[PDB]
Number of protein chains: 4
Amino acid sequence: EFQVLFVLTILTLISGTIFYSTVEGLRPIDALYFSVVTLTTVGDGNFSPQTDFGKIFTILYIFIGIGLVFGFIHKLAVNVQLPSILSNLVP
Amino acid sequence: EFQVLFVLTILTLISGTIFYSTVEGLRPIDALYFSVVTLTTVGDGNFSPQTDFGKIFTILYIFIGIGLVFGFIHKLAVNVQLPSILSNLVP
Amino acid sequence: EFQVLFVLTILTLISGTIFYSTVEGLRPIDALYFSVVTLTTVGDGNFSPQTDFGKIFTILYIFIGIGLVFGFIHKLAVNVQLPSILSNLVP
Amino acid sequence: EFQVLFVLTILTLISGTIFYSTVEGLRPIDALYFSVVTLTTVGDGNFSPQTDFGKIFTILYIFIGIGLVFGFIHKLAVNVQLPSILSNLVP
Ligand code: NA
Ligand code: NA
Ligand code: NA
Ligand code: NA
Ligand code: NA
Ligand code: NA
């Protein structure tokens, strides 16, 4: 259940990082940052894709990735955080 | 169910793209990018509407579009992704 | 139900617009834009509060406003949009 | 219930503020602003981490903090706002 969504999102973040460092010429660490702030809908205030290929990629990358990247956070906050921090409140 | 929300959001993204390329003078591919990052609440870190008409349009475009654009992602992640990737885990 | 949340969010957006045009020196139409992109979590890619008073105001303005501003969109998309566009699909 | 999530998020915002003022060289009030706009997914349109350590920290800080920071807003809008403003509508 939780170990499946953990890999589905890693494959999704590794896909983004490979695309932006290649088409947009960004350093790998930067392309993983832009990819993460997008699927989480935080967004980057300094960089926006400057190629026609990047603009179209980001649009389709949002509608596909936000469903699962946000689907893992829901499982990562209710499977691991809730019970662990909850079962912690027993003195 | 899912084929209805697919067209409701396309009509909503085509509406945005036509407005920003005309009032703000943006190239069409850019206006579709700004329109997508808004309804998904990602946001663009380089461009903000520079006309009084664009500022008011974006405000009303957010409160109307975010309800359905996010209503399709919910259906696109539970109707197509969940069962397909789930039914995939059968060896 | 829906007419109550409609005024709760207007009072919340009118509060933001009055604060940023005064403390940050923004034109009123700009302060209403920055206030809307914040409570909806879209965010503005050109302006960030440049006064210590504005930085603290925005933080507390997010945790209080996002609960209701997003609580109206939920009602505005299920009370008015769902049944209207749904009852529309009857030929 | 609500007093537990109130401290879990303060510890989470105090963690962010200490990291960005130190690694990125930001003034404390600025690091608390960047930390708040991130966990709420608003995002800052002027600053993005400029060190390799900051870029990696922000990525892991998003996936851990957004689950609880958004889990408190849900409780802060349904435990305190709903009944208070609702019980207010009795003349
Ligand atoms: Na969001
Ligand atoms: Na954002
Ligand atoms: Na943003
Ligand atoms: Na700039
Ligand atoms: Na957002
Ligand atoms: Na900028």
Side-chain angles (χ1 to χ4, degrees), chain A residues 26 30 33-50 58-59 61-63 65-71 73-74 77, chain B residues 26 30 33-50 58-59 61-63 65-71 73-74 77, chain C residues 26 30 33-50 58-59 61-63 65-71 73-74 77, chain D residues 26 30 33-50 58-59 61-63 65-71 73-74 77:
Chain A
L26 298 180
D30 297 333
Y33 181 87
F34 179 82
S35 166
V36 173
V37 303
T38 309
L39 299 197
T40 40
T41 59
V42 165
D44 176 87
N46 270 323
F47 165 83
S48 62
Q50 58 190 9
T58 305
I59 306 177
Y61 187 67
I62 292 179
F63 284 93
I66 187 178
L68 61 84
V69 176
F70 268 86
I73 289 185
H74 172 279
Chain B
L26 298 180
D30 297 333
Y33 181 87
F34 179 82
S35 166
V36 173
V37 303
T38 309
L39 299 197
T40 40
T41 59
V42 165
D44 176 87
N46 270 323
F47 165 83
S48 62
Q50 58 190 9
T58 305
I59 306 177
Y61 187 67
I62 292 179
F63 284 93
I66 187 178
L68 61 84
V69 176
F70 268 86
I73 289 185
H74 172 279
Chain C
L26 298 180
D30 297 333
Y33 181 87
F34 179 82
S35 166
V36 173
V37 303
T38 309
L39 299 197
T40 40
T41 59
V42 165
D44 176 87
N46 270 323
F47 165 83
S48 62
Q50 58 190 9
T58 305
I59 306 177
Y61 187 67
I62 292 179
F63 284 93
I66 187 178
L68 61 84
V69 176
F70 268 86
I73 289 185
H74 172 279
Chain D
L26 298 180
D30 297 333
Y33 181 87
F34 179 82
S35 166
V36 173
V37 303
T38 309
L39 299 197
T40 40
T41 59
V42 165
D44 176 87
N46 270 323
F47 165 83
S48 62
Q50 58 190 9
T58 305
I59 306 177
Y61 187 67
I62 292 179
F63 284 93
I66 187 178
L68 61 84
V69 176
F70 268 86
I73 289 185
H74 172 279

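Within every chain, numbering begins at 1; the chains are lettered A, B, ... in the order of the sequence lines, protein sequences first and strands thereafter. Hydrogens, waters and symmetry mates are skipped; everything else that's a heavy atom, side chains included, is used. We count ligands from 1, going down the list as the structure has it; atoms in each ligand are counted the same way.
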Is the shortest heavy-atom distance from the side chain of [X] to the side chain of [Y] under 4.5 Å?
X     : Y     : answer
B/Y61 : B/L39 : yes
C/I73 : C/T40 : yes
D/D30 : D/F47 : no
C/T38 : C/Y33 : no

Which atoms form the tightest heavy-atom contact between B/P49 and B/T58, and what is the distance?
->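 Heavy-atom minimum between the residues: CG-OG1, 3.8 Å.
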Please report the shortest heavy-atom distance between A/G67 and B/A77, naming the atom on each side.
-> CA-CB, 4.0 Å
At a cut-off of 3.0 Å, protein N/O/S around the Na ion (ligand 2) gives A/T41 O, A/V42 O, B/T41 O, B/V42 O, C/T41 O, C/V42 O, D/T41 O, D/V42 O
